[PDB]
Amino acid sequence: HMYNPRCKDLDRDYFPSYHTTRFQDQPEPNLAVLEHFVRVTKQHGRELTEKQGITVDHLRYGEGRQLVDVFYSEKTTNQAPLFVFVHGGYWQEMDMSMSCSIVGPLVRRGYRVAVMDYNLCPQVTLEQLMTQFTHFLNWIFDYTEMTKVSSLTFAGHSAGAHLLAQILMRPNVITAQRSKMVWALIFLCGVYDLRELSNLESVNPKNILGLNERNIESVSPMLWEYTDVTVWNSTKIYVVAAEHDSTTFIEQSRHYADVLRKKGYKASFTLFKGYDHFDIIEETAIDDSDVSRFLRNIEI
């Protein structure tokens, strides 16, 4: 429609699972690319604590699904930097058991890694899920200050890249000092402008995101009016889109990166050759992978 001027189908251009070049021997490649996603990532999660010698602390920032699993190696100092991952799933699915592919190589490079969970729609309106996420940001800074670690990196995939993007507009929580602690913000294949997808029964069935004409501003990072930009000048921001996403996905990332840059943040856009929306996460469990080396390079 808008981010894809060649568009025919929107229910296809808003489900990344259709733009994969993988599983093409299959009648429904999309179902295949999800089955695979769910399976391998759960495998990655069990392997962390059953074969990799990594330790996990089970914490929470709130009731029920509002959990933080903190992964570390005991051979490494407790004042290690902290890497925070915010998972995807269209605000309707995905959980901790599928969110920990990224942990292993980072722990092996000397990070502590916090992998968080959140409540889904429609248990919350997206709008509420977002005030809950604000509580998680307060919790994670409260927690790092406790351990007097003063270097953090945040990464969010997909709907989690969208949820993460509020860190730049919650200054009553994220002080200038807190901002100063952040080395990088990484936004993997997110959505930033919800205006289109809001009116779809395939993405938003029976309006479970609880959106409407009045809160569309609020839930669209694309549309905000950024202030107090200079306090983020120590933080590098990387908006990433995968080569084989939807065209809509890719351009949203590209424009968000532009919005960010024009407003004067240190942001860049990347189009990541060979990846789709999903294997771009799957492969974070492999230290040698392309995406791994990308995260490594952010450090210099």
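One-based numbering along the sequence shown.
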Q. Can you tell me which stretch has the higher mean Cα B-factor, 161-169 or 219-227?
A. 219-227
Q. Averaged over C-alpha atoms, is the B-factor higher for 125-133 or for 94-102 in this PDB entry?
A. 125-133
(Q) By the CA temperature factor listed in this entry, which of these ranks top: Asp69, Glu35, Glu50, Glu63? (A) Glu35
Q | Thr76, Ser202, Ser151, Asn119, ranked by C-alpha B-factor: the highest one | A | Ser202
Q. So where's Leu31 on the chain's Cα temperature factor ranking, which third?
A. highest
Q: Going by the recorded CA B-factors, say which third of the chain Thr55 sits in, lowest, middle or highest.
A: lowest
(Q) Considering every modelled residue of the chain and its Cα B-factor in the PDB entry, is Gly156 in the lowest, middle or highest third? (A) lowest
Q. Split the chain's modelled residues into thirds by Cα B-factor; is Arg112 in the lowest, middle or highest one?
A. lowest
Q. In terms of the chain's CA B-factor thirds, is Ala184 lowest, middle or highest?
A. lowest
